[PDB]
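*Asks:*
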Amino acid sequence: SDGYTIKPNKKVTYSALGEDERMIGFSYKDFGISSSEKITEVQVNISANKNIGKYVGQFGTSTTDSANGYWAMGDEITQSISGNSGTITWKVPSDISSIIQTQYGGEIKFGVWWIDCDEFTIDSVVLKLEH
């Protein structure tokens, strides 16, 4: 196949997150992804009880690269969502995609550096695969 979805229904209140808690992690094992498959894009679908407004954040991922601490982050993303639901997309760079570690507890992390609406729900996280 060409992708996997999880539906965590995870409520997040940005203002209640500590400085060390702003990256929300999901284990790759929850998706059912094979170690043979390469991720090209991650989508986070969110909703709120009011207009979402601006999100600023970054994604991070476990990797197999021991010399770089088994971890990589993507570019900062700024996105404005005008209504009560929307999608944040990370286009994964090829050099990161080639070393993502889905096994042995590897995680994809969704960093929220700011969000105008404060409280929101992560309705789904979608991995899109190279094909």
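Per the authors' numbering, residue 494 is the first one in the sequence shown, and the count goes up by one each step. Virtual Cβ for every residue (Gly too), placed ideally from N, Cα, C.
Could you check which residue in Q596, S528, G562 and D609 has the C-alpha nearest to that of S520?
*Replies:* The shortest Cα separation from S520 among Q596, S528, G562 and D609 belongs to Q596.
*Asks:* For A565, which option in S573, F552, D523 and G598 has the closest C-alpha, if you only look at C-alpha atoms?
*Replies:* Residue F552 is the option with its Cα nearest to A565.
*Asks:* Contact defined as beta carbons within less than 8 Å: I believe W583 pairs with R515. What is the distance between those atoms, to the nearest angstrom?
*Replies:* Between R515 and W583 the Cβ distance is about 16 Å, and since that is not below 8 Å, they are no contact.
*Asks:* Check whether the Cβ atoms of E612 and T506 sit closer than 8 Å, and answer yes or no.
*Replies:* Contact flag set, yes.
*Asks:* Cβ atoms of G496 and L620: under 8 Å apart, would you say?
*Replies:* Contact flag set, yes.
*Asks:* Is the separation between the beta-carbon of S590 and that of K531 shorter than 8 Å?
*Replies:* Yes; because the gap between Cβ atoms is below 8 Å, this pair is in contact.
*Asks:* Could you round the C-beta distance between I499 and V585 to whole angstroms and report it? I think they count as a contact, below 8 Å.
*Replies:* The pair is not a contact, with the Cβ atoms about 17 Å apart (cut-off 8 Å).
*Asks:* Confirm, please, whether the CB-CB distance from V537 to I592 is below 8 Å.
*Replies:* Going by C-beta atoms, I592 is not nearer than 8 Å to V537.
*Asks:* Taking Cβ positions, are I601 and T571 nearer each other than 8 Å?
*Replies:* Contact: no.
*Asks:* Tell me whether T580 is buried or exposed, calling it buried when 16 or more other Cβ atoms sit within 10 Å of its Cβ.
*Replies:* It is exposed - the Cβ of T580 has fewer than 16 other Cβ atoms within 10 Å.
*Asks:* Which first and last residues belong to the beta strand (DSSP E) in which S527 is found?
*Replies:* Note, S527: premise wrong, no beta strand (DSSP E); not H, not E.
*Asks:* If I follow the unbroken beta strand (DSSP E) through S573, where does it start and stop?
*Replies:* It spans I570 to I574 - the beta strand (DSSP E) in which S573 sits, taken as one unbroken run.
*Asks:* Check the C-beta distance from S540 over to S578 and give it rounded, since I have them as a contact under 8 Å.
*Replies:* Going by Cβ atoms, the distance from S540 to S578 rounds to 4 Å, so yes, they are a contact pair.
*Asks:* Just tell me which of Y563, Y548 and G598 has its CA closest to the CA of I574.
*Replies:* Closest option to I574, Cα to Cα, is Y548.
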